[PDB]
Every structure is written in C-alpha cells, then in structure tokens.
$ cat entry-v3.txt   # compact mmCIF, N, CA, C and O atoms
# COMPACT_ATOMS: atom_id res chain seq x y z
N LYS Z 405 173.52 60.42 222.77
CA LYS Z 405 173.45 60.82 224.17
C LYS Z 405 174.41 61.94 224.53
O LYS Z 405 174.00 63.00 225.02
N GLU Z 406 175.70 61.74 224.27
CA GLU Z 406 176.70 62.73 224.65
C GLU Z 406 176.62 63.98 223.78
O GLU Z 406 176.84 65.09 224.27
N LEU Z 407 176.34 63.81 222.49
CA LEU Z 407 176.32 64.91 221.55
C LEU Z 407 174.93 65.27 221.06
O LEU Z 407 174.57 66.45 221.04
N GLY Z 408 174.12 64.29 220.68
CA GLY Z 408 172.79 64.60 220.20
C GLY Z 408 171.85 64.98 221.33
O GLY Z 408 171.77 66.14 221.74
N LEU Z 409 171.14 63.97 221.83
CA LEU Z 409 170.19 64.11 222.92
C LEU Z 409 170.97 64.24 224.23
O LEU Z 409 171.22 63.25 224.92
N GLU Z 410 171.34 65.47 224.57
CA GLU Z 410 172.04 65.82 225.80
C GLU Z 410 171.08 66.23 226.91
O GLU Z 410 171.50 66.87 227.89
N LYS Z 411 169.81 65.87 226.78
CA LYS Z 411 168.75 66.22 227.71
C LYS Z 411 168.30 65.00 228.52
O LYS Z 411 169.13 64.23 229.00
N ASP Z 412 166.98 64.85 228.71
CA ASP Z 412 166.31 63.75 229.40
C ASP Z 412 166.69 63.78 230.87
O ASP Z 412 167.62 63.10 231.32
N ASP Z 413 165.99 64.63 231.60
CA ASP Z 413 166.09 64.71 233.04
C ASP Z 413 164.94 65.59 233.49
O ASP Z 413 164.50 66.48 232.76
N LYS Z 414 164.48 65.33 234.70
CA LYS Z 414 163.54 66.23 235.35
C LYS Z 414 164.11 67.62 235.56
O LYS Z 414 163.34 68.54 235.82
N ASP Z 415 165.43 67.79 235.42
CA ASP Z 415 166.03 69.09 235.68
C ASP Z 415 165.41 70.17 234.82
O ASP Z 415 165.43 71.34 235.20
N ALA Z 416 164.80 69.82 233.70
CA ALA Z 416 164.05 70.83 232.97
C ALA Z 416 162.79 71.22 233.73
O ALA Z 416 162.61 72.40 234.05
N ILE Z 417 161.95 70.24 234.08
CA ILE Z 417 160.78 70.45 234.95
C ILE Z 417 161.19 71.12 236.25
O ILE Z 417 160.59 72.11 236.70
N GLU Z 418 162.22 70.56 236.88
CA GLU Z 418 162.72 71.07 238.14
C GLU Z 418 163.02 72.53 237.97
O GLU Z 418 162.40 73.40 238.58
N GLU Z 419 163.97 72.80 237.09
CA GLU Z 419 164.58 74.10 236.98
C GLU Z 419 163.54 75.14 236.56
O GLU Z 419 163.61 76.28 237.02
N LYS Z 420 162.56 74.77 235.73
CA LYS Z 420 161.51 75.74 235.40
C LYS Z 420 160.72 76.08 236.65
O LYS Z 420 160.46 77.27 236.94
N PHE Z 421 160.33 75.07 237.41
CA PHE Z 421 159.66 75.40 238.64
C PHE Z 421 160.57 76.18 239.55
O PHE Z 421 160.10 76.98 240.34
N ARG Z 422 161.88 75.99 239.43
CA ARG Z 422 162.79 76.78 240.24
C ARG Z 422 162.71 78.23 239.79
O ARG Z 422 162.84 79.14 240.62
N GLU Z 423 162.57 78.47 238.48
CA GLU Z 423 162.34 79.85 238.07
C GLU Z 423 161.08 80.38 238.69
O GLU Z 423 161.03 81.56 239.04
N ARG Z 424 160.11 79.52 238.97
CA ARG Z 424 158.97 80.00 239.73
C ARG Z 424 159.34 80.23 241.19
O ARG Z 424 159.03 81.28 241.76
N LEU Z 425 160.00 79.25 241.80
CA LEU Z 425 160.42 79.34 243.19
C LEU Z 425 161.19 80.62 243.48
O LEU Z 425 161.09 81.16 244.59
N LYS Z 426 162.03 81.09 242.55
CA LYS Z 426 162.72 82.35 242.81
C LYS Z 426 161.74 83.47 243.13
O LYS Z 426 161.91 84.17 244.13
N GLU Z 427 160.71 83.65 242.32
CA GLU Z 427 159.75 84.69 242.67
C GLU Z 427 158.87 84.21 243.80
O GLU Z 427 158.63 84.95 244.77
N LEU Z 428 158.40 82.98 243.72
CA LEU Z 428 157.49 82.46 244.71
C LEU Z 428 158.31 82.13 245.94
O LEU Z 428 158.94 81.08 246.01
N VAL Z 429 158.30 83.02 246.93
CA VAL Z 429 159.02 82.73 248.16
C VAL Z 429 158.32 81.54 248.77
O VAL Z 429 157.26 81.67 249.38
N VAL Z 430 158.92 80.37 248.60
CA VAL Z 430 158.30 79.16 249.11
C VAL Z 430 158.67 79.09 250.58
O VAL Z 430 159.73 79.60 250.97
N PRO Z 431 157.83 78.54 251.45
CA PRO Z 431 158.23 78.36 252.85
C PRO Z 431 159.34 77.34 252.98
O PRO Z 431 159.46 76.41 252.18
N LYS Z 432 160.18 77.53 254.01
CA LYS Z 432 161.23 76.56 254.29
C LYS Z 432 160.64 75.18 254.48
O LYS Z 432 161.26 74.17 254.11
N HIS Z 433 159.42 75.14 255.02
CA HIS Z 433 158.65 73.92 255.04
C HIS Z 433 158.64 73.25 253.68
O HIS Z 433 158.90 72.06 253.54
N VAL Z 434 158.39 74.03 252.63
CA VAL Z 434 158.21 73.40 251.34
C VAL Z 434 159.49 73.33 250.52
O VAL Z 434 159.61 72.41 249.71
N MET Z 435 160.48 74.21 250.75
CA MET Z 435 161.78 73.91 250.17
C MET Z 435 162.30 72.59 250.69
O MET Z 435 163.00 71.87 249.97
N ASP Z 436 162.00 72.26 251.94
CA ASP Z 436 162.49 70.99 252.44
C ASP Z 436 161.65 69.86 251.89
O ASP Z 436 162.18 68.83 251.47
N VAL Z 437 160.32 69.98 251.92
CA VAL Z 437 159.51 68.85 251.47
C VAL Z 437 159.72 68.57 249.98
O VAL Z 437 159.78 67.41 249.57
N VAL Z 438 159.86 69.62 249.17
CA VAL Z 438 159.87 69.44 247.71
C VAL Z 438 161.03 68.56 247.27
O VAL Z 438 160.86 67.63 246.47
N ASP Z 439 162.22 68.81 247.80
CA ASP Z 439 163.38 68.17 247.23
C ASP Z 439 163.41 66.68 247.51
O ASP Z 439 164.14 65.95 246.83
N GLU Z 440 162.65 66.21 248.49
CA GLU Z 440 162.61 64.79 248.76
C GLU Z 440 161.94 64.04 247.61
O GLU Z 440 162.50 63.09 247.06
N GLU Z 441 160.74 64.48 247.25
CA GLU Z 441 160.10 63.87 246.09
C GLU Z 441 160.90 64.16 244.85
O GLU Z 441 160.89 63.36 243.92
N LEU Z 442 161.61 65.28 244.82
CA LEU Z 442 162.47 65.57 243.69
C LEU Z 442 163.56 64.52 243.55
O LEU Z 442 163.81 64.00 242.45
N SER Z 443 164.22 64.18 244.65
CA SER Z 443 165.27 63.18 244.61
C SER Z 443 164.70 61.81 244.28
O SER Z 443 165.31 61.04 243.53
N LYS Z 444 163.51 61.50 244.80
CA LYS Z 444 162.91 60.22 244.47
C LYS Z 444 162.58 60.16 242.99
O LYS Z 444 162.96 59.22 242.29
N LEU Z 445 161.98 61.23 242.48
CA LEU Z 445 161.59 61.30 241.09
C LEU Z 445 162.79 61.23 240.18
O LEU Z 445 162.72 60.66 239.09
N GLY Z 446 163.92 61.79 240.61
CA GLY Z 446 165.15 61.63 239.86
C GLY Z 446 165.68 60.21 239.90
O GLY Z 446 166.26 59.74 238.92
N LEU Z 447 165.50 59.52 241.03
CA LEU Z 447 165.91 58.12 241.08
C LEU Z 447 165.09 57.25 240.14
O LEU Z 447 165.61 56.29 239.57
N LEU Z 448 163.82 57.57 239.96
CA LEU Z 448 162.89 56.62 239.37
C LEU Z 448 163.08 56.54 237.86
O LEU Z 448 163.64 57.44 237.23
N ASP Z 449 162.64 55.43 237.29
CA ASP Z 449 162.77 55.24 235.86
C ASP Z 449 161.83 56.18 235.12
O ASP Z 449 160.80 56.61 235.65
N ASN Z 450 162.18 56.50 233.88
CA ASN Z 450 161.34 57.35 233.05
C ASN Z 450 159.95 56.77 232.82
O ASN Z 450 159.00 57.53 232.62
N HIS Z 451 159.81 55.45 232.85
CA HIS Z 451 158.60 54.78 232.38
C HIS Z 451 157.80 54.10 233.48
O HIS Z 451 156.75 53.54 233.19
N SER Z 452 158.27 54.10 234.73
CA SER Z 452 157.48 53.53 235.80
C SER Z 452 156.22 54.37 236.02
O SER Z 452 156.27 55.60 235.97
N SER Z 453 155.09 53.71 236.24
CA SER Z 453 153.88 54.45 236.58
C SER Z 453 154.04 55.26 237.85
O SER Z 453 153.46 56.35 237.98
N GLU Z 454 154.85 54.77 238.78
CA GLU Z 454 155.17 55.54 239.97
C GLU Z 454 155.89 56.83 239.61
O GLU Z 454 155.64 57.88 240.22
N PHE Z 455 156.73 56.78 238.59
CA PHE Z 455 157.43 57.98 238.16
C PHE Z 455 156.44 59.00 237.65
O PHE Z 455 156.54 60.18 237.97
N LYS O 405 174.84 56.55 209.09
CA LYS O 405 175.67 55.51 208.50
C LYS O 405 175.61 54.25 209.35
O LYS O 405 175.73 53.14 208.82
N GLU O 406 175.42 54.40 210.67
CA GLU O 406 175.30 53.30 211.61
C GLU O 406 173.85 52.97 211.94
O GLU O 406 173.60 52.08 212.76
N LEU O 407 172.89 53.66 211.31
CA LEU O 407 171.47 53.44 211.53
C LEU O 407 170.87 52.73 210.33
O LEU O 407 170.41 51.59 210.44
N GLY O 408 170.88 53.38 209.16
CA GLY O 408 170.28 52.75 208.02
C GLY O 408 168.79 52.72 208.31
O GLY O 408 168.27 53.53 209.06
N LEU O 409 168.10 51.82 207.63
CA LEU O 409 166.68 51.60 207.87
C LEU O 409 165.82 52.83 207.58
O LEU O 409 166.32 53.94 207.38
N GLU O 410 164.51 52.62 207.52
CA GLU O 410 163.58 53.70 207.28
C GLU O 410 163.29 54.44 208.58
O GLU O 410 163.60 53.98 209.68
N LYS O 411 162.69 55.63 208.45
CA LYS O 411 162.21 56.34 209.63
C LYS O 411 160.88 55.67 209.97
O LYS O 411 159.80 56.16 209.63
N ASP O 412 160.97 54.55 210.68
CA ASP O 412 159.81 53.77 211.07
C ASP O 412 159.68 53.84 212.58
O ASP O 412 159.35 52.89 213.28
N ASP O 413 159.95 55.05 213.04
CA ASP O 413 159.94 55.48 214.41
C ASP O 413 158.64 56.21 214.69
O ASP O 413 157.75 56.34 213.85
N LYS O 414 158.57 56.71 215.91
CA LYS O 414 157.45 57.51 216.36
C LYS O 414 157.39 58.85 215.66
O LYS O 414 156.31 59.42 215.55
N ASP O 415 158.52 59.32 215.11
CA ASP O 415 158.48 60.52 214.30
C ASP O 415 157.64 60.35 213.05
O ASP O 415 157.14 61.35 212.52
N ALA O 416 157.45 59.13 212.56
CA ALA O 416 156.45 58.93 211.53
C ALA O 416 155.09 59.29 212.10
O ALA O 416 154.31 60.06 211.52
N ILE O 417 154.84 58.79 213.31
CA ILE O 417 153.59 59.04 213.99
C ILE O 417 153.52 60.51 214.38
O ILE O 417 152.47 61.16 214.24
N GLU O 418 154.63 61.06 214.85
CA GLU O 418 154.61 62.48 215.18
C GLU O 418 154.39 63.31 213.95
O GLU O 418 153.84 64.41 214.04
N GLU O 419 154.78 62.80 212.80
CA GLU O 419 154.71 63.62 211.62
C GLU O 419 153.29 63.66 211.11
O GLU O 419 152.81 64.72 210.72
N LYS O 420 152.61 62.51 211.11
CA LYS O 420 151.18 62.55 210.81
C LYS O 420 150.44 63.40 211.83
O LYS O 420 149.60 64.23 211.45
N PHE O 421 150.84 63.33 213.10
CA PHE O 421 150.22 64.18 214.09
C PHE O 421 150.46 65.64 213.79
O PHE O 421 149.54 66.47 213.85
N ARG O 422 151.66 65.97 213.37
CA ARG O 422 151.96 67.37 213.31
C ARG O 422 151.44 67.98 212.04
O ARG O 422 150.91 69.08 212.09
N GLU O 423 151.45 67.26 210.92
CA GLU O 423 150.78 67.80 209.74
C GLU O 423 149.30 67.97 210.00
O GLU O 423 148.72 68.99 209.56
N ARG O 424 148.67 66.99 210.68
CA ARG O 424 147.32 67.15 211.20
C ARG O 424 147.25 68.55 211.78
O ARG O 424 146.56 69.42 211.25
N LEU O 425 148.08 68.79 212.79
CA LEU O 425 148.08 70.06 213.49
C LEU O 425 148.40 71.23 212.56
O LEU O 425 148.00 72.36 212.84
N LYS O 426 149.16 71.00 211.50
CA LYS O 426 149.41 72.08 210.55
C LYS O 426 148.15 72.56 209.87
O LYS O 426 148.07 73.74 209.50
N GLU O 427 147.13 71.71 209.72
CA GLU O 427 145.90 72.28 209.17
C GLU O 427 145.11 73.04 210.24
O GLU O 427 145.03 74.27 210.20
N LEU O 428 144.58 72.33 211.22
CA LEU O 428 143.83 73.00 212.28
C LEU O 428 144.76 73.81 213.16
O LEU O 428 145.81 73.34 213.58
N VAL O 429 144.33 75.02 213.51
CA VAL O 429 145.16 75.97 214.25
C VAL O 429 144.90 75.76 215.74
O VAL O 429 143.86 76.15 216.27
N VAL O 430 145.85 75.12 216.41
CA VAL O 430 145.68 74.85 217.83
C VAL O 430 145.99 76.09 218.66
O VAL O 430 146.76 76.95 218.21
N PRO O 431 145.41 76.23 219.84
CA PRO O 431 145.94 77.20 220.80
C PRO O 431 147.34 76.77 221.23
O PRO O 431 147.65 75.58 221.28
N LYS O 432 148.18 77.77 221.53
CA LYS O 432 149.55 77.47 221.95
C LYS O 432 149.55 76.60 223.18
O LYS O 432 150.50 75.84 223.41
N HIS O 433 148.50 76.68 223.99
CA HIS O 433 148.30 75.82 225.12
C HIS O 433 148.42 74.36 224.71
O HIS O 433 149.38 73.66 225.07
N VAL O 434 147.48 73.91 223.89
CA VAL O 434 147.51 72.51 223.51
C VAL O 434 148.72 72.21 222.66
O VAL O 434 149.22 71.09 222.68
N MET O 435 149.24 73.21 221.94
CA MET O 435 150.47 73.01 221.18
C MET O 435 151.62 72.58 222.07
O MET O 435 152.28 71.56 221.81
N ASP O 436 151.89 73.35 223.10
CA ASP O 436 153.00 73.01 223.97
C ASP O 436 152.74 71.70 224.68
O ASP O 436 153.68 70.92 224.88
N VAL O 437 151.48 71.42 225.01
CA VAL O 437 151.21 70.16 225.70
C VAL O 437 151.53 68.99 224.80
O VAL O 437 152.22 68.04 225.20
N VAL O 438 151.06 69.04 223.55
CA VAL O 438 151.32 67.92 222.67
C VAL O 438 152.79 67.82 222.36
O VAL O 438 153.31 66.72 222.22
N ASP O 439 153.50 68.94 222.31
CA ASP O 439 154.92 68.85 221.99
C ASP O 439 155.72 68.20 223.11
O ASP O 439 156.56 67.32 222.86
N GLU O 440 155.51 68.64 224.34
CA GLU O 440 156.27 68.03 225.42
C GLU O 440 155.89 66.57 225.62
O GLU O 440 156.76 65.72 225.83
N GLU O 441 154.61 66.26 225.47
CA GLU O 441 154.24 64.86 225.52
C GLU O 441 154.82 64.09 224.36
O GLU O 441 155.12 62.91 224.48
N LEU O 442 154.98 64.76 223.22
CA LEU O 442 155.53 64.12 222.04
C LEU O 442 156.96 63.73 222.28
O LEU O 442 157.39 62.61 221.94
N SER O 443 157.71 64.60 222.93
CA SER O 443 159.08 64.25 223.24
C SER O 443 159.12 63.12 224.26
O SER O 443 159.93 62.19 224.13
N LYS O 444 158.25 63.18 225.26
CA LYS O 444 158.20 62.10 226.25
C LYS O 444 157.85 60.78 225.59
O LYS O 444 158.36 59.73 226.00
N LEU O 445 157.00 60.81 224.58
CA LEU O 445 156.72 59.60 223.83
C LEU O 445 158.00 59.11 223.20
O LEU O 445 158.34 57.93 223.27
N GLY O 446 158.71 60.02 222.55
CA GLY O 446 159.91 59.63 221.86
C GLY O 446 160.96 59.02 222.76
O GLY O 446 161.66 58.09 222.36
N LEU O 447 161.06 59.50 224.00
CA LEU O 447 161.93 58.81 224.95
C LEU O 447 161.42 57.42 225.27
O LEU O 447 162.22 56.51 225.51
N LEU O 448 160.11 57.22 225.26
CA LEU O 448 159.55 55.96 225.73
C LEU O 448 159.90 54.84 224.77
O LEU O 448 160.11 55.05 223.58
N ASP O 449 159.99 53.63 225.33
CA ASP O 449 160.37 52.47 224.54
C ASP O 449 159.35 52.23 223.45
O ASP O 449 158.17 52.52 223.60
N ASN O 450 159.82 51.67 222.34
CA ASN O 450 158.93 51.45 221.21
C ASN O 450 157.90 50.37 221.48
O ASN O 450 156.98 50.21 220.67
N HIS O 451 158.03 49.62 222.58
CA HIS O 451 157.19 48.47 222.82
C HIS O 451 156.58 48.45 224.21
O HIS O 451 155.73 47.59 224.47
N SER O 452 156.96 49.36 225.10
CA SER O 452 156.42 49.33 226.45
C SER O 452 154.92 49.57 226.40
O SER O 452 154.41 50.29 225.54
N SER O 453 154.20 48.91 227.30
CA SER O 453 152.75 49.08 227.34
C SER O 453 152.38 50.54 227.54
O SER O 453 151.46 51.06 226.89
N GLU O 454 153.11 51.23 228.41
CA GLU O 454 152.86 52.65 228.62
C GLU O 454 153.13 53.45 227.36
O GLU O 454 152.49 54.48 227.13
N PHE O 455 154.06 52.99 226.52
CA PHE O 455 154.25 53.66 225.24
C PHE O 455 153.01 53.53 224.38
O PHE O 455 152.62 54.47 223.69

$ encode --input "entry-v3.txt" --output "structure tokens"
Amino acid sequence: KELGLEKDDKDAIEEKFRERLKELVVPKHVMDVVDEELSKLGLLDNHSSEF
Amino acid sequence: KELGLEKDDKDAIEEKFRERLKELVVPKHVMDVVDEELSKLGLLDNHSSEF
C-alpha cells in the first residue's frame, strides 16, 4: 500500500476528467453539482453496486 | 518472503487473458478498456460475488 500499490482512488478518474474540465469550461452549475457525487463516490466502497 | 505460495491470483487469469490478447490484435480502444477493468478486477476481493 505505502510503497507498492500507492494508487486506488477515483482521483485518477476524477483528475483525468479534470484535465477535460480545464478545456471544457463547465458551468458553475455543474462544477457545483459534480463534486457532490464526487464526494459521495469517494466515500463509497470500491465494491458496492452503488459505487 | 512474507507471501510464499503460488501465483494463484487473478494475474493467472489476467495472464491467460493477456496472452490470448497477444495473438489477436485488439484495437487500442478495447485494449485500454480491458486493462483498466483488469486492474479493477485485481482490486476486487477474490471471493466477492461482484468479483
């Protein structure tokens, strides 16, 4: 975990879409809406069907 | 040294999958899809129903 697998987070998915968001001027409407599901998705377990 | 045992993990399964893929030439599309899903499999528990 600390040395080998230093990954396992949505931050890869997140951050790649953020590379999109930089060019894609998202509306403030959607910068606000997105991060809520983002925070929920970060809370959720890797294996829940809800996740 | 603290693991021992055979590689009786999903990488056995990934390895049959990937040599499979080594013969047939996939589009990079399906390549990246199978790879990211492959890692997600590897995170998944060895016994979970979703696994």

$ interface_residues --input "entry-v3.txt" --of "chain O" --to "chain Z" --cutoff "8 Å" --atoms "only N, CA, C and O atoms" --output "JSON, numbers by chain"
{"O": [444, 447, 448, 449, 452, 453, 454, 455]}

$ atom_distance --input "entry-v3.txt" --atom1 "atom O of residue 419 in chain Z" --atom2 "atom N of residue 430 in chain O"
27.2 Å

$ calpha_fit_and_write --input "entry-v3.txt" --fixed "chain Z" --moving "chain O" --output "tab-separated table (two decimals) with N, CA, C and O atoms, keeping the file's coordinate frame"
chain	number	residue	atom	x	y	z
O	405	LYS	N	179.67	63.55	226.05
O	405	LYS	CA	180.14	63.05	224.77
O	405	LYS	C	179.45	61.73	224.44
O	405	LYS	O	179.23	61.42	223.26
O	406	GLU	N	179.09	60.95	225.46
O	406	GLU	CA	178.39	59.68	225.32
O	406	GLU	C	176.89	59.82	225.54
O	406	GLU	O	176.17	58.81	225.49
O	407	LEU	N	176.39	61.04	225.78
O	407	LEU	CA	174.98	61.31	226.00
O	407	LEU	C	174.39	62.00	224.78
O	407	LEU	O	173.52	61.44	224.11
O	408	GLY	N	174.87	63.21	224.46
O	408	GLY	CA	174.29	63.89	223.34
O	408	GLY	C	172.88	64.25	223.76
O	408	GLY	O	172.58	64.38	224.94
O	409	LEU	N	172.04	64.48	222.77
O	409	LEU	CA	170.62	64.74	223.01
O	409	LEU	C	170.36	65.99	223.84
O	409	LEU	O	171.28	66.58	224.43
O	410	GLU	N	169.11	66.42	223.87
O	410	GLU	CA	168.72	67.58	224.64
O	410	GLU	C	168.50	67.19	226.10
O	410	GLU	O	168.40	66.01	226.45
O	411	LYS	N	168.43	68.20	226.97
O	411	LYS	CA	168.05	67.95	228.35
O	411	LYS	C	166.52	67.84	228.32
O	411	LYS	O	165.80	68.79	228.62
O	412	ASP	N	166.05	66.65	227.97
O	412	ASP	CA	164.63	66.37	227.86
O	412	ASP	C	164.26	65.38	228.95
O	412	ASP	O	163.47	64.46	228.79
O	413	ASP	N	164.88	65.64	230.08
O	413	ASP	CA	164.78	64.91	231.32
O	413	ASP	C	163.82	65.64	232.25
O	413	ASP	O	163.22	66.66	231.92
O	414	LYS	N	163.73	65.08	233.44
O	414	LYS	CA	162.93	65.66	234.51
O	414	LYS	C	163.52	66.96	235.01
O	414	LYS	O	162.77	67.79	235.53
O	415	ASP	N	164.82	67.18	234.80
O	415	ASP	CA	165.39	68.47	235.12
O	415	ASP	C	164.80	69.60	234.30
O	415	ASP	O	164.82	70.75	234.75
O	416	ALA	N	164.25	69.32	233.12
O	416	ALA	CA	163.46	70.33	232.45
O	416	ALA	C	162.26	70.66	233.32
O	416	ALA	O	161.95	71.82	233.61
O	417	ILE	N	161.62	69.60	233.81
O	417	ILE	CA	160.45	69.74	234.66
O	417	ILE	C	160.88	70.34	235.99
O	417	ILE	O	160.20	71.23	236.54
O	418	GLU	N	162.01	69.89	236.52
O	418	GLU	CA	162.47	70.48	237.77
O	418	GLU	C	162.81	71.93	237.58
O	418	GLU	O	162.71	72.71	238.53
O	419	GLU	N	163.18	72.31	236.38
O	419	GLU	CA	163.65	73.66	236.19
O	419	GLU	C	162.47	74.60	236.11
O	419	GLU	O	162.51	75.68	236.69
O	420	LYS	N	161.42	74.20	235.39
O	420	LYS	CA	160.19	74.99	235.45
O	420	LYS	C	159.66	75.04	236.87
O	420	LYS	O	159.28	76.12	237.36
O	421	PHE	N	159.76	73.93	237.61
O	421	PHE	CA	159.34	73.96	238.99
O	421	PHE	C	160.16	74.92	239.81
O	421	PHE	O	159.63	75.72	240.60
O	422	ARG	N	161.45	74.95	239.56
O	422	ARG	CA	162.27	75.68	240.48
O	422	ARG	C	162.27	77.15	240.16
O	422	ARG	O	162.20	77.95	241.07
O	423	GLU	N	162.21	77.53	238.88
O	423	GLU	CA	162.03	78.95	238.59
O	423	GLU	C	160.70	79.44	239.13
O	423	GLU	O	160.65	80.57	239.67
O	424	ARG	N	159.63	78.63	238.99
O	424	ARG	CA	158.37	78.87	239.68
O	424	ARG	C	158.73	79.29	241.09
O	424	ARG	O	158.54	80.45	241.47
O	425	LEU	N	159.39	78.39	241.80
O	425	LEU	CA	159.74	78.62	243.19
O	425	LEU	C	160.65	79.84	243.36
O	425	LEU	O	160.67	80.44	244.43
O	426	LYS	N	161.45	80.17	242.35
O	426	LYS	CA	162.26	81.38	242.45
O	426	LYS	C	161.43	82.63	242.55
O	426	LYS	O	161.87	83.61	243.17
O	427	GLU	N	160.21	82.64	242.01
O	427	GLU	CA	159.41	83.85	242.25
O	427	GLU	C	158.79	83.83	243.65
O	427	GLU	O	159.19	84.60	244.52
O	428	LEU	N	157.86	82.92	243.88
O	428	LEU	CA	157.23	82.84	245.20
O	428	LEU	C	158.22	82.31	246.23
O	428	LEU	O	158.92	81.33	245.99
O	429	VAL	N	158.23	82.93	247.41
O	429	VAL	CA	159.20	82.62	248.45
O	429	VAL	C	158.61	81.54	249.34
O	429	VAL	O	157.72	81.79	250.15
O	430	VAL	N	159.10	80.32	249.17
O	430	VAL	CA	158.58	79.21	249.96
O	430	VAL	C	159.18	79.21	251.36
O	430	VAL	O	160.29	79.73	251.55
O	431	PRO	N	158.49	78.67	252.35
O	431	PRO	CA	159.16	78.33	253.61
O	431	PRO	C	160.19	77.23	253.36
O	431	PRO	O	160.01	76.39	252.48
O	432	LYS	N	161.27	77.27	254.14
O	432	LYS	CA	162.32	76.26	253.98
O	432	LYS	C	161.76	74.88	254.18
O	432	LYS	O	162.29	73.90	253.63
O	433	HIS	N	160.69	74.75	254.95
O	433	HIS	CA	159.98	73.52	255.12
O	433	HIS	C	159.60	72.92	253.78
O	433	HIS	O	160.14	71.89	253.35
O	434	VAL	N	158.73	73.62	253.05
O	434	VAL	CA	158.30	73.07	251.78
O	434	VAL	C	159.44	73.03	250.80
O	434	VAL	O	159.46	72.18	249.92
O	435	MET	N	160.42	73.93	250.95
O	435	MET	CA	161.60	73.88	250.09
O	435	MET	C	162.32	72.54	250.19
O	435	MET	O	162.58	71.88	249.17
O	436	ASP	N	162.66	72.14	251.39
O	436	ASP	CA	163.38	70.89	251.55
O	436	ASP	C	162.51	69.73	251.12
O	436	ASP	O	163.03	68.77	250.54
O	437	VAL	N	161.20	69.82	251.35
O	437	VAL	CA	160.35	68.70	250.95
O	437	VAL	C	160.36	68.54	249.44
O	437	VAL	O	160.55	67.44	248.91
O	438	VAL	N	160.19	69.65	248.72
O	438	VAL	CA	160.16	69.53	247.27
O	438	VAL	C	161.51	69.13	246.75
O	438	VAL	O	161.59	68.39	245.78
O	439	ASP	N	162.59	69.53	247.41
O	439	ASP	CA	163.90	69.16	246.89
O	439	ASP	C	164.17	67.67	247.04
O	439	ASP	O	164.65	67.01	246.10
O	440	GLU	N	163.92	67.12	248.22
O	440	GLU	CA	164.18	65.70	248.38
O	440	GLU	C	163.24	64.86	247.53
O	440	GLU	O	163.67	63.88	246.91
O	441	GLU	N	161.99	65.29	247.41
O	441	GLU	CA	161.12	64.59	246.50
O	441	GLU	C	161.57	64.75	245.07
O	441	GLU	O	161.37	63.86	244.24
O	442	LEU	N	162.18	65.89	244.76
O	442	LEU	CA	162.65	66.15	243.41
O	442	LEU	C	163.75	65.20	243.05
O	442	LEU	O	163.78	64.63	241.95
O	443	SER	N	164.64	64.94	243.99
O	443	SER	CA	165.69	63.98	243.72
O	443	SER	C	165.11	62.58	243.59
O	443	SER	O	165.52	61.82	242.69
O	444	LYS	N	164.16	62.24	244.45
O	444	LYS	CA	163.52	60.93	244.34
O	444	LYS	C	162.82	60.77	243.00
O	444	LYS	O	162.81	59.67	242.43
O	445	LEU	N	162.25	61.84	242.48
O	445	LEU	CA	161.68	61.79	241.15
O	445	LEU	C	162.77	61.46	240.16
O	445	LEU	O	162.62	60.60	239.30
O	446	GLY	N	163.88	62.18	240.27
O	446	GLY	CA	164.95	61.98	239.32
O	446	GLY	C	165.50	60.57	239.31
O	446	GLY	O	165.85	60.05	238.26
O	447	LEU	N	165.54	59.92	240.48
O	447	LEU	CA	165.89	58.50	240.47
O	447	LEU	C	164.84	57.67	239.77
O	447	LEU	O	165.18	56.66	239.14
O	448	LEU	N	163.58	58.07	239.83
O	448	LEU	CA	162.51	57.22	239.33
O	448	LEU	C	162.58	57.13	237.82
O	448	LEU	O	163.07	58.02	237.14
O	449	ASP	N	162.09	55.99	237.31
O	449	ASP	CA	162.14	55.74	235.88
O	449	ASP	C	161.33	56.78	235.14
O	449	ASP	O	160.34	57.30	235.65
O	450	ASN	N	161.75	57.07	233.91
O	450	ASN	CA	161.07	58.10	233.14
O	450	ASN	C	159.67	57.68	232.71
O	450	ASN	O	158.93	58.53	232.21
O	451	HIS	N	159.30	56.41	232.89
O	451	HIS	CA	158.06	55.90	232.36
O	451	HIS	C	157.24	55.13	233.38
O	451	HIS	O	156.10	54.78	233.07
O	452	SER	N	157.77	54.87	234.57
O	452	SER	CA	157.02	54.09	235.55
O	452	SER	C	155.76	54.85	235.93
O	452	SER	O	155.73	56.08	235.96
O	453	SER	N	154.69	54.11	236.18
O	453	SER	CA	153.43	54.74	236.57
O	453	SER	C	153.61	55.58	237.82
O	453	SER	O	153.10	56.71	237.91
O	454	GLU	N	154.38	55.07	238.78
O	454	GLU	CA	154.65	55.84	239.99
O	454	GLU	C	155.43	57.10	239.68
O	454	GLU	O	155.29	58.11	240.37
O	455	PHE	N	156.26	57.08	238.63
O	455	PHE	CA	156.92	58.31	238.22
O	455	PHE	C	155.91	59.33	237.75
O	455	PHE	O	156.04	60.52	238.03

$ residues_around --input "entry-v3.txt" --residues "residue 421 in chain Z" --least-positions-apart "4" --cutoff "12 Å" --atoms "only C-alpha atoms" --output "ChimeraX atom specification"
/Z:414-417,425-428,430,435,438-439,442

$ atom_distance --input "entry-v3.txt" --atom1 "CA of residue 418 in chain Z" --atom2 "CA of residue 418 in chain O"
25.8 Å

$ axis_aligned_box --input "entry-v3.txt" --around "range 423-431 of chain O" --padding-each-side "6 Å" --output "JSON"
{"center_x": 147.6, "center_y": 72.1, "center_z": 215.2, "size_x": 19.6, "size_y": 22.2, "size_z": 24.1}

$ atom_distance --input "entry-v3.txt" --atom1 "CA of residue 432 in chain O" --atom2 "CA of residue 420 in chain O"
18.7 Å

$ select_by_dssp --input "entry-v3.txt" --residues "chain O" --states "helix (DSSP H, G or I)" --output "ChimeraX atom specification"
/O:414-427,432-447
